[PDB]
Each structure stands twice: as structure tokens, then as C-alpha cells.
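As C-alpha cells, the structure follows; a few thoughts come after it.
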Amino acid sequence: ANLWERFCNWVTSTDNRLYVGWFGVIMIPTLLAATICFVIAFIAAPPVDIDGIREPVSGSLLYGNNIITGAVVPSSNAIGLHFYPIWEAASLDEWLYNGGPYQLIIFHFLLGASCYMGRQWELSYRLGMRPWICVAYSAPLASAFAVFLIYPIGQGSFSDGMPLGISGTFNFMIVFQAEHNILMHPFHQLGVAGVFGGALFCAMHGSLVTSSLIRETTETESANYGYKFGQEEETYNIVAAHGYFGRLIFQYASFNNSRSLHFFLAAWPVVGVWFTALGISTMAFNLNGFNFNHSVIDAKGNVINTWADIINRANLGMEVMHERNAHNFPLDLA
Amino acid sequence: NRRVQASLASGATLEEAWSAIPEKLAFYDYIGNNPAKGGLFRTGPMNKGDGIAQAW
Amino acid sequence: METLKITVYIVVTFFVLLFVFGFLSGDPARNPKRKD
Amino acid sequence: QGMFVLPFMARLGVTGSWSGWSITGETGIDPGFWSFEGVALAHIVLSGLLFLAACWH
Amino acid sequence: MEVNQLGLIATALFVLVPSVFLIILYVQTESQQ
Amino acid sequence: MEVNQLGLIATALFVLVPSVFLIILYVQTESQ
Amino acid sequence: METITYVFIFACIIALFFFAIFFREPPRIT
Amino acid sequence: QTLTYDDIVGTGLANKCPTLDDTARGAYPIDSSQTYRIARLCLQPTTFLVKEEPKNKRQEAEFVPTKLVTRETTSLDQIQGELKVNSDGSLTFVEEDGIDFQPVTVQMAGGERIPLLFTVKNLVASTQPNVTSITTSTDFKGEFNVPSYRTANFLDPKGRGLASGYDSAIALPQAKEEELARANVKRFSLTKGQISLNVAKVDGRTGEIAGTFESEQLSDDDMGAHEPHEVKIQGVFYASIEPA
Amino acid sequence: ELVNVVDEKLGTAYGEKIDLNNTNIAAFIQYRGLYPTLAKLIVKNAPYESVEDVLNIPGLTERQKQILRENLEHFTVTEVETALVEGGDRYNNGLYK
Amino acid sequence: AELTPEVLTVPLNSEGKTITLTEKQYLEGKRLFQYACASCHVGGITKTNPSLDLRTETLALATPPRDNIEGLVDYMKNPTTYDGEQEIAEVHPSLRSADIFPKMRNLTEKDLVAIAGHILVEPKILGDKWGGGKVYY
Ligand SMILES: CCCCCCCCCCCCCCCCCC(=O)OC[C@H](CO[C@@H]1O[C@H](CO[C@H]2O[C@H](CO)[C@H](O)[C@H](O)[C@H]2O)[C@H](O)[C@H](O)[C@H]1O)OC(=O)CCCCCCCCCCCCCCCCC
Ligand code: CLA
Ligand code: CLA
Ligand SMILES: CC(C)=CCC/C(C)=C/CC/C(C)=C\CC/C(C)=C/CC/C(C)=C/CC/C(C)=C/CC/C(C)=C/CC/C(C)=C\CC/C(C)=C/CC1=CC(=O)C(C)=C(C)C1=O
Ligand code: HEC
Ligand SMILES: CCCCCCCCCCCCCCCCCC(=O)O
Ligand code: OEY
Ligand SMILES: [Cl-]
Ligand SMILES: [Cl-]
Ligand SMILES: [Fe+2]
């Protein structure tokens with residue numbers, strides 16, 4: 001009946017159209033800050049000296065960018081890992097030139113996303129559910145942490161975090177391959193397996209359930225109207241689906257336990273994306289993909305190239321050209 | 001014209017008297033800035049018509 | 001800039017205290033089955 | 001330049017931009033919030049709050 | 001920027017034509033029930 | 001002819017928008 | 001004109017979000 | 001109290017030139033039979049002014065003020081060189097070495113970024129004749145060199161450069177090149193600047209001086225892509241003198 | 001009228017010998033006895049009006065003068081090109097392997 | 001192709017005498033080069049001074065010529081600059097400086113011959129790759 005207890009009750013209420021919760025109390029403002037700053041920087045921010053070499057890169061629409069090329073540009077290499085809030089700048093003019101908004105956006109977003117994952121725990125508890133949906137979302141979350149926070153920490157500069165834009169993303173990928181040979185790293189290969197397999201099993205499961213829908217409708221109506229929200233009976237025949245799939249391959253390569261199946265569906269891409277987030281996060285400390293450059297040589301010692309050496313030729317061309325003005329000494333050590 | 005007739009009174013030359021007229025004031029004495037010189041489907045800024053005024 | 005600094009400091013502190021005191025206000029008991 | 005609402009802001013005392021120019025030609029000036037950009041921002045924000053008020057009523 | 005001038009009409013019709021189609025179908029669905 | 005390039009879009013939308021309005025209203029009249 | 005177009009579309013998507021959430025067909029049980 | 005690195009780091013003080021005590025109103029005498037050097041010359045800018053383009057007839061625009069956006073990275077320091085005595089009692093400082101350039105970019109009203117190579121490279125500055133004492137009325141006047149803001153290896157965003165890079169617009173293979181010549185052929189400018197140093201404080205005991213400086217130079221021309229601006233720079237200086 | 005002055009310079013003796021007034025110091029490694037000691041002195045004392053001027057570098061030992069004579073025919077002088085001598089590019093022109 | 005005595009034949013000195021290493025020696029030289037030298041000299045370049053490489057044509061123009069076993073063995077003992085004007089044992093590994101470069105402590109006279117031999121053979125197998133840098137990888 002007391003003021004605080006009433007507030008606590010609204011915060012944690014399961015009647016709010018959108019659940020708030022204690023994690024929401026941090027999430028709502030941090031995401032709003034990040035979103036507003038991003039929308040405005042994407043449209044109107046002046047160019048940013050990402051690499052600290054007084055060579056501003058234009059990222060916003062009003063400075064000659066389209067949707068594909070635009071980006072909020074990472075903060076200056078001259079700042080490195082230093083905290084650069086607005087109030088640390090002599091002016092907004094300075095803060096804009098040096099990449100201030102990237103830092104504001106990504107810190108608020110990492111906080112708000114972290115709270116997003118907590119909020120998934122919290123509502124699950126209020127509704128009497130099992131709790132581990134938030135564990136599934138920790139795979140995408142870890143991946144964002146890796147490219148916005150972990151990789152900058154290991155390389156010493158937010159200027160090497162991932163730009164918030166479409167082409168910026170591709171720039172990050174090409175530079176990453178040249179320096180870490182990420183294609184040749186097992187954790188990236190597992191990530192592709194998690195993501196290709198995720199797409200595969202998505203299609204499989206959707207096709208098998210769709211294939212064994214029980215006839216409930218006429219040909220003139222969407223079969224979707226054969227299911228009513230909250231009906232107790234299943235809407236497909238799982239034994240017919242098992243009977244099809246077990247014969248398509250062989251019997252014991254098919255699930256007939258729906259719980260094991262759906263757990264499988266959860267586990268495969270989650271685990272694969274954990275590894276690929278861990279791959280980024282460990283190449284942050286320069287433990288790179290396998291190097292087989294010149295591993296094969298002949299009886300005399302001539303190098304016999306393999307596909308790995310051809311990769312390396314590509315990698316070199318990415319190496320020698322990236323940040324073409326930023327390097328004064330012969331090794332790009334970070 | 002008032003201003004010109006005054007300068008010549010004080011004994012400036014024609015060049016001097018006319019050189020003392022501000023550009024802003026001459027630019028007003030030009031029919032291209034007369035609001036009654038347009039057309040209903042002649043669209044856009046006045047600079048799109050006679051151009052961007054650069055100098056008197 | 002200091003006005004801003006101060007403002008942000010107060011706003012963050014405020015939201016963090018909401019968060020800490022909210023979870024200290026008997027959060028285990030706010031579920032639909034066994035309450036304590 | 002075909003400016004239509006710019007003069008109505010100028011008319012009542014808004015004369016400078018956040019980028020440091022004013023319409024009177026004076027450079028290096030701090031208009032505070034109530035610049036041309038701040039007045040526009042205000043009308044956008046106001047528009048969005050009125051939008052939500054309309055859904056409620 | 002020196003963009004293709006038909007990009008605007010391309011984009012406007014690309015949005016407008018199929019959207020209008022969906023709206024026509026939805027509204028006449030609602031006046032049925 | 002050196003015509004106005006926004007002429008095309010103005011004409012197109014001038015036709016399209018009001019016409020779609022009327023079509024929307026006529027079709028939902030018919031289905032009740 | 002291309003900036004206006006890009007922002008116009010983006011803004012239509014945010015408005016659609018509002019309607020899809022607050023003005024959805026409510027799910028009703030059985 | 002002599003401050004250490006860990007007292008300075010992160011304060012901004014490392015960008016400031018040493019100050020002289022407000023009492024330092026001496027005179028440093030000059031023995032033409034001796035030889036002298038500046039052991040350290042420190043220049044610390046406080047104001048960046050940029051000349052506007054009035055576009056019209058005989059108006060000649062003025063120097064408008066600018067906002068610095070590159071932070072506390074602007075001071076020249078550790079500059080040294082001969083302080084000679086001429087056959088007329090004038091003094092000439094000849095710069096030899098030092099951190100004698102800083103790239104700076106300031107922003108004008110309207111958002112135009114003006115980058116510039118704030119420098120005193122190859123500075124030669126002279127006093128009036130018959131000095132015999134450096135006092136709180138001594139003035140040095142000199143000129144220096146202003147090399148291109150970017151040096152010859154610099155590659156523009158399409159890969160074009162002077163001592164490296166493409167020699168054409170390779171994304172426009174069959175475009176007419178005549179229109180692109182200004183941007184395809186890089187050029188290394190080398191212009192002169194002018195400086196006044198006005199001595200206002202003198203520690204007669206230690207040979208330290210300090211005062212005020214104004215320099216005029218050209219901004220960046222982006223290897224001839226565009227025309228430069230004229231830049232006025234105002235600030236404070238500090239120099240230490242030594243028998244050579 | 002707009003000319004790349006480095007390309008133009010490759011059309012001179014700079015493009016075939018070691019230019020005592022412009023070439024980067026790493027080129028003195030192509031001939032014996034020149035690098036780093038004499039190459040250092042040479043670069044520091046440029047410019048030269050004639051190739052013969054390098055023998056009048058104060059401090060040369062008689063053996064250092066012998067090495068220069070041996071190599072005078074691999075040298076040239078041309079006008080100083082700002083683009084090649086600014087930025088300390090005669091000591092490090094950004095080229096490694 | 002194979003590791004024939006012709007390729008294992010390298011100059012012993014300036015006078016023109018030569019010496020034919022064994023395959024044992026070559027591999028031992030390669031291994032010792034990797035142990036003591038590759039951290040700076042991988043592929044025959046110099047990571048900390050790229051203007052000086054281990055190409056035979058470069059070694060030949062060095063003072064003391066170093067394109068032979070003797071000059072290379074002397075170099076690992078008393079390294080000098082390229083013109084020979086100064087001794088650099090304090091910044092370059094050598095037996096003279098094995099106290100400050102501890103990896104040189106346990107190198108015997110025969111180990112030096114193998115290291116020197118590998119350096120002289122390897123451009124005969126790899127060509128421009130040896131000392132050519134990334135362009136040739
Ligand atoms: C979605 C559904 C959910 C519903 C959510 C509820 C609705 C929420 C609505 C919020 C919407 C917010 C929109 C934010 C707009 C950002 C405005 C901004 O950043 O604008 C800020 C402006 C920008 O300033 C000017 O910014 C300029 C930036 O220039 C740049 O921009 C220029 C114009 O764009 C040119 O490009 C120029 O060349 C370029 O450099 C210049 O630097 C000027 O010098 C500088 O004054 O700042 C000012 O002067 C203005 C005043 C700030 C003064 C700060 C002093 C300290 C006062 C403390 C204020 C703290 C805020 C209040 C806290 C509230 C908590 C109780
Ligand atoms: C066919 C080839 C192929 C394939 C299938 C993949 C597949 C993948 N790569 Mg590899 N890659 C390739 C080729 C390929 N790559 C090549 C050729 C290169 C070198 C040029 C690379 C270089 C490379 C790098 C450098 C990286 C990848 C990464 C990835 C992963 C990207 C997806 C991901 O990170 O999900 C993870 C999930 C997320 C990132 C999502 C975060 C979601 C947040 C929490 C929420 C966002 C909210 C949002 C802002 C608003 C939405 C709400 C609104 C709409 C309402 C995935 C495993 C990335 C990786 O491992 O990241 C960890 C990575 O950084 N790749
Ligand atoms: C009070 C209204 C008003 C006024 C006076 C202005 C005035 C101006 N505007 Mg703004 N404008 C307005 C509203 C207004 N605007 C609105 C609402 C918008 C949003 C669409 C804009 C968007 C806008 C832009 C985007 C631009 C202007 C620009 C300009 C300038 C030039 C306009 C021009 O060439 O006109 C041309 C006008 C016409 C050709 C008139 C068309 C009228 C026809 C006849 C239609 C009516 C026929 C009707 C269907 C008959 C049916 C009858 C039926 C019952 C039988 C001028 C200062 C321009 C400028 O210079 O910008 C800096 C510019 O680029 N305005
Ligand atoms: C000249 C001469 C003489 C030459 C000699 C030449 C010679 C002798 C030739 C003769 C050749 C001869 C005649 C042929 C015999 C050869 C033979 C053995 C062929 C080899 C066949 C072959 C290559 C097979 C391909 C390999 C193959 C793909 C098998 C691997 C199995 C595979 C990947 C299965 C995955 C199973 C799995 C766990 C996941 C499936 C996805 C899944 C989770 C779906 C979701 C899901 C599953 C359900 O289960 C149900 C229920 C539902 C609801 C549901 O959602
Ligand atoms: C870095 C720590 C090095 C290690 C380990 C080794 N070398 Fe080296 N080497 C290094 C530098 C910086 C230089 C240039 C020295 C100079 O100023 O001239 C060199 C040079 C050589 C040379 C001479 C090359 C030539 O004349 O063209 C030789 C032959 C050489 N170094 C051999 C050598 C050997 C055999 C090593 C393993 C014992 C070794 N070096 C290690 C840097 C470094
Ligand atoms: C921000 C720096 C300048 C100082 C701001 C002054 C205080 C804010 C003034 C805003 C003016 C609006 C007053 C007129 C509104 C009339 C009241 C109403 O009808 O709602
Ligand atoms: O890859 Mn290459 O390494 Ca990591 O820094 Mn050195 O260059 Mn630059 O800042 Mn972006 O990028
Ligand atoms: Cl890059
Ligand atoms: Cl570097
Ligand atoms: Fe399912």
C-alpha cells in the first residue's frame with residue numbers, strides 16, 4: 001500500500017503490454033539513448049577521423065552516403081581505449097570529429113542488450129516458465145560484445161571495433177581476415193557449421209511439421225486456419241513425420257521425441273555461435289587461424305603451393321592496402 | 001539618387017558618389033526582386049531564374 | 001560541459017539505485033507459485 | 001533562396017544556427033538551444049508527444 | 001550526389017504499388033465480417 | 001524538351017494517390 | 001532527394017512497428 | 001616545484017609552454033664576443049583565425065574565429081638553434097631542429113574543416129640593430145617554411161598519390177581525364193610564413209624569456225586539389241638561452 | 001601544366017644513378033663501402049653542385065675519399081626536388097621490403 | 001628436383017675455394033638458423049633493418065665480403081656494419097656477445113659452418129623468395 005511497494009508492483013507487473021522489470025529499468029533508457037544517438041549520427045554526423053591520422057571518413061547520409069555505405073564511424077585511434085564522453089571534449093564539434101558518438105552508442109547498447117538478456121530471465125520467472133531462453137540469446141549477445149568491446153580491448157583501440165554500418169561491417173571482415181586468417185580458424189568454421197546447420201534444421205523442421213499437418217481445412221482456405229491458438233491437441237502427426245524422415249535416411253537418425261528434437265534445435269546454433277564469438281574474442285589476443293604458408297616443399301626445398309598459400313596471396317593484398325596512410329613501420333603489430 | 005546628389009554636393013566625383021552606394025541598396029532597385037514579376041508554374045527560388053547575384 | 005557531467009551522473013546513479021533496491025525488495029517472492 | 005519558414009523564425013528572434021553562422025552575417029556566435037535547429041527539433045518532439053496524446057484520447 | 005534521377009520514381013512506385021495492393025485486400029476483408 | 005524532372009513524379013502521384021483512395025473505398029463497399 | 005527517401009522509408013517502418021505491436025489482432029484462446 | 005611525468009599525464013599541461021614569473025622584467029645582456037643558442041623554444045597557440053572569401057568586389061574579408069577539434073596537440077617545443085650576433089648588433093635566431101610542426105584542423109562557422117600545418121620550420125628571425133640586451137621590449141621578426149600538409153607518399157581515398165598511387169581515376173575508365181587533372185596530378189606546395197615574437201618577460205639570471213607570438217601562414221591545399229586559406233595564429237612562447 | 005614531379009624526375013639521371021641531392025639513403029647499399037658511414041655523411045651534407053663536391057666533405061679520411069672516387073661514376077646531381085627531401089624521406093621513404 | 005651436391009657447393013672464401021656440404025649439414029644449418037636467427041631473419045630479410053638482407057648479392061658487396069663460409073663465420077663472431085667501419089656485437093648476436101645473447105652460448109665452430117652454409121644454399125633453392133619479402137610469399 002506504500003508508495004514504493006506500488007512502484008515495485010508496476011515495474012514487475014505481468015499486466016504491462018510490454019514487460020518492464022528491474023532489468024528493464026536499466027534497459028529502457030540505455031537503448032533509447034543509443035537509438036536516438038544512432039539515428040541522428042547516421043543521418044547528420046560530420047566525418048570522423050577513425051584512424052587518428054586526420055583523414056576524416058564520411059559516414060552519414062547528408063554527407064554523401066546511401067544506406068549501404070553509411071555508418072556511424074568508430075572513434076579515433078588517437079583516443080585508443082580512453083573513455084571519451086561528451087563532457088571530456090572542449091566542444092561537440094571536437095567530440096563529433098573524433099568519433100564521440102560511436103562510444104556513446106555502443107556502451108549504451110551493450111548495457112541495454114545485457115539488460116535485455118536479464119529481462120528474458122525475469123519475465124520467465126514471473127510467468128512460471130523454465131528460465132533458459134536467456135541462455136540462447138547469450139550467443140548473439142556474446143558476438144556483439146566480441147566485435148564492439150573485446151576485439152578493441154585486445155587491439156588497444158575502439159577504432160578497430162566494428163563500424164555501425166553495412167559497408168563498415170564488410171571492412172571489418174576483410175581487415176580481420178588479413179590479420180587473423182579467420183577463415184582458417186576452427187572457431188569460425190564451427191560458427192559456419194552452427195549457422196549453416198541452423199538454417200538447415202530450421203528448414204527441415206519447418207518442412208517436416210508442415211508436411212504432416214492434419215487435414216482440417218478445405219482447399220480454398222489457408223491450412224493455417226486448421227490451428228486455433230490454445231487448442232490442446234497437436235496440429236500435426238509426429239509419427240508420420242518420423243515415419244517419413246526415418247525412411248528418408250534410416251530409422252535411428254530421426255527423432256520421435258519432440259523434446260529432444262527441439263532441444264537439439266536450440267543447442268546446435270547456440271553452441272556454434274558461442275564458438276564463433278569465442279573465435280573473435282580470442283583472435284582479439286592474436287591467437288590466429290592455422291598458418292600453412294609454405295608447409296609443403298619438395299625434395300630440393302622448392303615451395304609447392306597449396307590452396308592455403310593462395311589464400312595468403314589474397315590476405316597480403318588485403319594487408320598491404322588497408323589503412324593505406326596509417327602505417328609508418330613495416331609490421332602492423334596491432 | 002538622394003545619396004548621390006548629396007555626395008556630388010560635398011564635392012565627390014561621379015565615381016566616388018556612385019561607389020558609396022551599398023550593394024544591398026542597389027540590389028533592391030532591380031525588378032528581378034519585384035514580387036510581381038513571377039509565374040504560377042515557375043517554381044523554386046529566385047536564384048533559379050536570373051541566377052545567384054554575385055556583384056553590382 | 002560540467003552541468004552535463006553532473007546531470008548524467010545523477011541520472012545514472014538514480015537508475016542504478018532503482019535497480020539495486022528493486023531487486024532487494026523481495027524479488028524471490030514475486031513469482032506465481034511459491035512466494036518467499 | 002525560396003526560404004519560407006526561415007523568415008518566421010527570424011522574425012521573432014531566432015537568428016543563428018548551431019554551426020555558428022547567423023542570418024545577419026555575424027560569424028562566431030553561440031545561440032544556445034534556441035537556434036534554427038533547436039526550434040525544428042522542438043516542433044518534431046512536440047509533434048511526437050501530440051501523436052501519443054491522440055492515441056490515448 | 002549525382003544519383004540516377006529515375007531512382008526516385010522507381011523507389012516511390014516500388015513502395016506504393018504493392019502496398020496499395022495489400023491495403024485494398026485488407027480493408028475489403030474487414031468490411032466482410 | 002528541357003522539362004521539369006519532378007514533373008513525372010508529380011503527375012504520377014497526382015494520379016496514383018487519389019485513384020487508389022477511390023479504389024479502396026469501392027472494393028470494400030462491394031464486399032459487404 | 002535521396003536522403004529524404006531513405007529517411008522516409010525508415011520512418012514508415014518505425015510507424016509500422018507501432019501498429020504491429022499496439023494494434024495487432026489480439027490472440028484469443030480456443 | 002618541478003613536476004614529474006606522472007603529475008602531468010592526462011592533465012593537458014604537457015601541451016603548455018613554461019611560463020615566466022610576472023616579476024621577470026630583467027634584461028639579458030649580449031656579449032658579441034660570445035656565441036649563443038636557444039636551448040629550447042616553445043610555442044603554444046591559443047587562437048586560430050582564418051581569412052574569409054568576400055567573393056564580391058573590393059571588400060577583402062576579415063579573419064574570423066575557429067574551433068579547434070584536434071585537441072591538445074598543437075604546441076611546438078624542444079626547438080633549438082643558433083642565436084647569432086650580426087655586424088649591426090641585431091640578433092638572428094636560426095632554427096636547427098625541434099618538434100617544429102603540428103597538424104591542426106579548426107572548424108569555421110558552417111562546418112568547413114580547415115586543416116593546417118602549424119610550423120616554424122627553417123625559421124630565421126631577427127631583432128632590430130644594436131640590441132646588446134634582450135628586454136621586455138625586444139621583438140623578433142622572421143619567416144619560415146610551410147611544406148605541404150601531406151608528404152609525397154600520401155594516398156587519397158581513390159588511391160592516387162604523388163610518389164605512390166594511381167595516376168588516374170581508375171573507377172571511371174573511359175571518362176574524359178581533362179576534367180580530373182587537378183585531382184589526379186598531386187602537387188607538393190612549399191610556401192613561406194611570417195612570425196613576430198614579442199618578448200614581455202625576461203629572467204636575467206637564467207636566460208629564460210617569454211612572451212607573445214603572431215604568425216601568418218597558409219592552410220592545406222590537399223596536394224593542389226583546392227586553394228588554401230590564410231591563417232593567423234596567436235599564442236605564447238617561451239625560450240631558454242645559453243652561451244654556446 | 002599539371003605534372004607529377006617525381007615521374008618527371010625519373011626521366012633524368014635520378015632515374016639511372018644515385019642522385020646525391022635526392023635519392024633515399026638506402027640506395028647507397030648497392031655499392032661497396034658506402035653504407036652506412038659515407039652514405040650518412042653524404043646525405044647530411046647535400047646539396048652538391050657537382051658530383052666532385054662530395055670529396056670536399058670536411059672530415060673525410062683518405063680511405064673514405066678513395067671509396068668516393070671509385071664510385072663517382074655511379075653518382076649524379078640534379079636539382080633538389082622538395083617532394084623527395086621533405087618529411088625526412090631521404091632517411092625513410094616508407095619503403096621497406 | 002633434389003638436394004644435389006651441386007647445390008650444396010658453396011664458396012669457402014674469397015680466394016675461390018669451395019666446399020660441398022652434406023644434407024646433414026644443410027638441415028642442421030636450417031635448424032640452427034631457425035633457433036638463433038629466424039626471429040629477425042625469417043626468409044632471409046631483416047625485420048629490424050629491412051634495408052639489409054641475406055641475399056647472396058647483398059652479402060657479396062658487404063665489406064669484409066660475406067658471401068662465403070669464412071666471412072659468414074667471422075660475422076657470427078665479430079659482426080660489423082656493411083662497410084665494416086664499426087663492430088656491432090652489442091646489438092647483434094655473435095659469440096663475442098654471447099653473454100648478452102645467450103642463444104649463442106652453445107654454438108660450436110661446426111654449428112657456425114652449417115648456419116653459414118644454409119644461408120648460402122638457400123637462395124639457390126628459392127631464388128627471389130630468399131630475402132625478397134612478402135611480395136614473393
Ligand atoms: C520512442 C518511444 C519512447 C518515448 C521516449 C520519450 C520521448 C523522448 C524524446 C527525446 C528526444 C531527444 C532528442 C535529442 C536531440 C539531440 C539534441 C542535441 O544533442 O543537441 C544539443 C545541442 C547541440 O549543441 C550545439 O551543437 C553544435 C554541433 O554542431 C554540429 O552540428 C551542426 C548542426 O547540426 C553543424 O553540423 C556543425 O557544423 C556541427 O559541428 C555546436 O557544437 C554548438 O556549439 C552546440 O551548442 O546543445 C545545446 O546547446 C542545447 C542544450 C544542451 C545544453 C547542454 C548544457 C548542459 C545542460 C544539461 C542538459 C542535460 C540535458 C537535460 C537532462 C534532462 C534530465 C532531467
Ligand atoms: C559463406 C561464407 C561465410 C559464412 C556462412 C560466415 C558466417 C559467419 N561469420 Mg564469417 N567471414 C567470411 C565468410 C563467411 N562467414 C569471410 C569470407 C570473412 C572474411 C572476409 C569472414 C569474416 C568474419 C568475421 C570477422 C566475423 C565473421 C562472423 C561470422 C558470423 C556472423 C553471424 C554472427 O556473428 O551472428 C552472431 C549474432 C550477432 C552478431 C547478433 C547480435 C544481435 C544483438 C544482440 C541484437 C541487435 C539489435 C539490433 C541493433 C536491432 C534489432 C531490433 C529491431 C529490428 C527491432 C557467422 C558464424 C562474425 C563472428 O564470429 O562474430 C562473433 C565476425 O565477427 N566472419
Ligand atoms: C502556405 C503554403 C506554402 C507557401 C506559400 C510555400 C512557399 C514556398 N515554398 Mg513551400 N511547401 C509547403 C507550403 C508552402 N510553401 C508545403 C505544405 C510543403 C510540403 C509539400 C512545402 C514544400 C516545399 C519544398 C519542398 C520546396 C518549397 C519551396 C517553396 C518556395 C517556392 C514554391 C514554388 O515554386 O511553388 C510552386 C507552386 C505551384 C506550382 C502551385 C501548384 C498549385 C496547383 C495549381 C495545384 C492545384 C490544382 C487543384 C488540384 C485543382 C482541383 C480543383 C477541383 C476541386 C476541381 C516558396 C517560398 C521550394 C524552395 O524554394 O525551397 C527552398 C522547395 O524546394 N516548399
Ligand atoms: C569399375 C568398378 C567395378 C567400380 C565399382 C563401383 C561400385 C561398386 C558402385 C556400386 C554403388 C552401389 C550400387 C551403391 C551402394 C552405395 C551406398 C551405400 C550409398 C552411399 C549413400 C550416401 C553417399 C549417403 C549420403 C550421406 C548421408 C547424407 C548420410 C548422413 C546422414 C545425415 C547428415 C543425417 C542428419 C540427421 C539429423 C540428426 C538431423 C536431421 C535434421 C533434423 C534434426 C530435422 C528435424 C526433425 C527431425 C525428425 O526426425 C522429426 C520427426 C521432426 C518433426 C523434425 O523436425
Ligand atoms: C635481431 C635481434 C637479429 C637477430 C636475432 C639476428 N640478426 Fe643478423 N642482423 C640484424 C640487424 C639489425 C642487422 C643489420 C646490422 C647492421 O647494422 O648492418 C643484421 C645483419 C646481419 C647480417 C649482414 C647482412 C648483410 O651484410 O647483407 C648477417 C650475415 C646476419 N645479420 C646474420 C645473422 C645470423 C647468422 C643470425 C643467427 C645467429 C642473426 N643474424 C640473428 C638483426 C638480427
Ligand atoms: C537555452 C538558452 C536560452 C534560454 C531559454 C529561455 C527559456 C525557454 C524559453 C522558451 C520560450 C517559450 C515561451 C512561450 C511559450 C508560451 C507558453 C505556452 O503557450 O505553452
Ligand atoms: O588492421 Mn591493421 O592492424 Ca588492426 O590497426 Mn594495425 O592496422 Mn589498423 O586500425 Mn584499423 O587495422
Ligand atoms: Cl581499411
Ligand atoms: Cl605504424
Ligand atoms: Fe516445432
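In what follows, every heavy atom counts, from backbone to side chain, and hydrogens, waters and symmetry copies are set aside. Here is how names work: the chains are called A, B, and so on, in the same order as the sequence lines, proteins then strands, and each is numbered from 1.
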Shortest non-hydrogen contact from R182(H) to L2(I)? CA-CD1, 3.7 Å
Give a yes or no on whether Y166(H) atom OH has more than 12 heavy-atom contacts from other residues, nucleotides or ligands under 6.0 Å away. no
Contacts with chain I made by residues 75-86 of chain H (heavy-atom distance under 4.5 Å), listed by residue number: none
With a 4.5 angstrom heavy-atom cut-off, could you sort out which part of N93(I) is near chain H: side chain, backbone, both or neither? backbone
Could you tell me which residues in residues 30-47 of chain H have at least one non-hydrogen atom under 4.5 Å from a non-hydrogen atom of chain I, sorted by residue number? none
How about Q30(I): does its CD atom have over 12 heavy atoms from other parts shown lying under 6.0 Å from it? yes
Taking NZ in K192(H) as the centre, count heavy atoms belonging to other residues, nucleotides or ligands within less than 6.0 Å. Is the count above 12? yes
Side chain to side chain donor-acceptor pair (under 3.5 Å) partners of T37(I), counting only residues at least two apart: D83(J)
Go through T82(I), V6(I), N4(I) and name the one with the most non-hydrogen pairs under 4.5 angstrom from chain H. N4(I)
Select all residues of residues 151-162 of chain H having any heavy atom within less than 4.5 Å of some heavy atom of chain I, and report them by number, or 'none'. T151(H), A152(H), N153(H), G161(H), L162(H)
Might you confirm whether atom OH of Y96(I) has over 12 heavy atoms from other residues, nucleotides or ligands at distances under 6.0 Å? yes
